[PDB]
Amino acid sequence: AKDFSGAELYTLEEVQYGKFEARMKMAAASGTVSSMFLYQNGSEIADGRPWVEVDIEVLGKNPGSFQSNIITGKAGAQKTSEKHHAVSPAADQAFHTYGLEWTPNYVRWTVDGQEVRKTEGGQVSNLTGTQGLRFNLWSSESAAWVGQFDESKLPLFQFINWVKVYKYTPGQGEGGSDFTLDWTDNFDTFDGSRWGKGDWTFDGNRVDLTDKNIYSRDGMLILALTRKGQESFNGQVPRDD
């Protein structure tokens, strides 16, 4: 119903705790949102249930950094902790390995193996239940947050070379770390037994998420942001050297 088409990739199943990494190059342009996040499905329901989410979001107007966030509390009464972390090279000019770690005690954010943020206690204590690993591309109506939507830069693409999901195994990981490699997806194709393609929208989103904007090419999964009814990738997949 809206004038633009975005996309959202998500694990069919959710999990309690773990380490999640994704090798990707973000899409950026004033007004857009390119992300990677853990999400407890149903959090948007306003029946009093809590909200559980952890984010990494590249705000289009500033590809030089990404926003970190944990969302607890509940629909209509959120509790947030937005922070900004520089990235070099910019999110849309190079591939970076973004990591997300979640345990009952902390949530950690890493870029190319380096920690950029670690929250202990507080909101982490309310990240109850399970969360699934998600990635979406869209545009926000809040111009103050992401900037005015620059429609002319479209179509835009977010490339994910691979994803690695780990289990929470405190102190038993390499070097006494807290995680163990569970499954890896090199995206040589789309795995419908593992991932799902979003086809919905939410308040504040200028676009409609569609399965038409998620596909693989040359070993990479691509999320596309295109004008409504202009969904295609005839371009070329960058190389992750």
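One-based numbering along the sequence shown.
A.B. asks: Please compare 64 to 72 with 192 to 200 and name the stretch with the higher mean C-alpha B-factor in the deposited structure.
C.D. replies: Per the PDB record, 192 to 200.
A.B. asks: Of the two stretches 219 to 227 and 16 to 24, which shows the higher Cα B-factor on average in the entry?
C.D. replies: Mean C-alpha B-factor is greater for 219 to 227.
A.B. asks: Check the PDB entry and point out which of 101, 151, 115, 82 has the largest C-alpha temperature factor.
C.D. replies: Going by the entry's C-alpha B-factors, 151 comes out highest.
A.B. asks: Looking at 34, 184, 30, 205, which one carries the largest C-alpha B-factor according to the PDB entry?
C.D. replies: Highest C-alpha B-factor among the listed options: 205.
A.B. asks: Sorting by Cα B-factor within the chain, modelled residues only, which third would residue 214 end up in: lowest, middle or highest?
C.D. replies: Highest third - that is where residue 214 ends up once the chain's C-alpha B-factors are sorted.
A.B. asks: Rank-wise, by C-alpha B-factor, drop residue 91 into the lowest, middle or highest third of its chain.
C.D. replies: Middle third by C-alpha B-factor.
A.B. asks: Going by the recorded CA B-factors, say which third of the chain residue 142 sits in, lowest, middle or highest.
C.D. replies: Highest third of the chain for residue 142's C-alpha B-factor.
A.B. asks: Lowest, middle or highest third: where is residue 156 by C-alpha B factor in its chain?
C.D. replies: Its C-alpha B-factor belongs to the highest third of this chain's values.
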